[PDB]
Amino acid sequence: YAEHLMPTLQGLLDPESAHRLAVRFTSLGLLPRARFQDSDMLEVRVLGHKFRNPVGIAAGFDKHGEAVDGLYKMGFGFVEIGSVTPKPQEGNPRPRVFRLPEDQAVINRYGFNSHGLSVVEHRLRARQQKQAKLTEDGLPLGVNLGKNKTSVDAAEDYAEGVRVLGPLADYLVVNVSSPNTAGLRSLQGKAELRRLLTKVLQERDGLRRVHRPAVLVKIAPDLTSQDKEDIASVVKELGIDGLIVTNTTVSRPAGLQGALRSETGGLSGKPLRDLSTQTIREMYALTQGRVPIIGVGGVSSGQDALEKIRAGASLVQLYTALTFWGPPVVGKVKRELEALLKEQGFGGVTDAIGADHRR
């Protein structure tokens, strides 16, 4: 895979075609069931759920909820689908995703291509009780909500997503951090965020108890210090259940080598890694370690995962590493993380969460 398979599928196909085929293959279960059996050391209890291991698939890989079961088979401890927008929409014109192999990075400007809430609702309903069992067995499901390009009331878009997919999700994500929808990231500002999240939480609280998900906010890696302070304040004021830290970056860190480095879009993978880790670290401090963080950005190894956990993440996610290393990277991250936890004297993941802040 890392050397023998992915280079062929990568070089042979443009990245979007490769992704579509990967989703299809995954959905059909055409991957070996992951051999790595999860150690008890990797179990995490957070967000009202048991997570058999802390390595999830980040939003964007399975935008429309087509490959959830195949992703659990790949070894992910939790699956996040989306972003899902209220109405179907096509996203931006192609090409809209670009590989930067020399940087182990991707730039994407999909623009919330989405089958829409109704289609995803019916897809998740078809496996709703299967998911209930998976969740009880430590394999929760997150649903990441977006807003339509032409929406005239962003908060209502997210409210609709809460109402339609909230009952099918263990947690929901208010994605206010895509770089590829005009104006979306302004919803991270204090006043807009408070109003938006108040409405989202009211809608969530109006769901029946067994259908009431945790609500997390997914934030950018490009926030000012003021933005981060404001988000932390709003999250604590409103009782937001957690943060996902981070989405892709609109920055272009010095040193990128890929020919496509100046394409518009969000940058993911290795050049984002430490920017994301530092955002986790700051958000954990600003929330006094009381707000669960799902850490994401440039995770391709156990060390990458543990750095985010020690910075304050209770769980991590990855996407871009899968595009370069294929399915074996999941077990690799988990095996490496277990080894490092043992080496560094942690009894398990839980003991390592935020450990850097206690040094």
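Residue numbers here begin at 1 and follow the sequence given. We call the rigid core whatever largest set of C-alpha positions still superposes within 1.5 Å between the two forms.
Q: Superpose on the core, then say which of 27-35 and 46-54 ends up with the larger RMS Cα offset from this form in 8 other deposited structures of this protein.
A: Stretch with the higher C-alpha RMS distance in 8 other deposited structures of this protein: 27-35.
Q: Out of 189-197 and 152-160, which shows the greater rigid core-aligned C-alpha deviation in 8 other deposited structures of this protein?
A: Looking at 152-160 and 189-197 in 8 other deposited structures of this protein, the bigger mover is 189-197.
Q: Please compare 240-248 with 284-292 and say which has the higher mean C-alpha temperature factor in the record.
A: Higher mean C-alpha B-factor: 284-292.
Q: Mind pulling up the entry and telling me whether 87-95 or 100-108 has the higher mean Cα temperature factor?
A: Looking at the record's C-alpha B-factors, the answer is 87-95.
Q: Identify, among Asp304, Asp62, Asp40, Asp69, the residue whose C-alpha carries the highest B-factor in the deposited PDB entry.
A: Within the set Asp304, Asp62, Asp40, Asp69, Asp40 shows the top C-alpha B-factor.
Q: Of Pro54, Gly312, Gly297, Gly326, which one's C-alpha B factor is largest in the deposited record?
A: When the deposited C-alpha B-factors of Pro54, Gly312, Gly297, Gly326 are compared, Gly326 is largest.
Q: Split the chain's modelled residues into thirds by Cα B-factor; is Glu136 in the lowest, middle or highest one?
A: Top third by C-alpha B-factor.
Q: Per the entry's values, where does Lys130 land by CA temperature factor relative to the rest of its chain, in the lowest, middle or highest third?
A: According to the entry, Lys130 has a C-alpha B-factor in the chain's highest third.
Q: Lowest, middle or highest third of the chain for the C-alpha temperature factor of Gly77?
A: Middle third of the chain for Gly77's C-alpha B-factor.
Q: Relative to the other modelled residues of the same chain, rank the CA B-factor of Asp222 and answer lowest, middle or highest third.
A: Its C-alpha B-factor, which the entry lists for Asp222, ranks in the middle third among residues of this chain.
Q: According to the PDB entry, is the CA B factor of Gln202 in the bottom, middle or top third of its chain, that is, lowest, middle or highest?
A: Within its chain, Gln202 is a middle-third residue by C-alpha B-factor, going by the deposited values.
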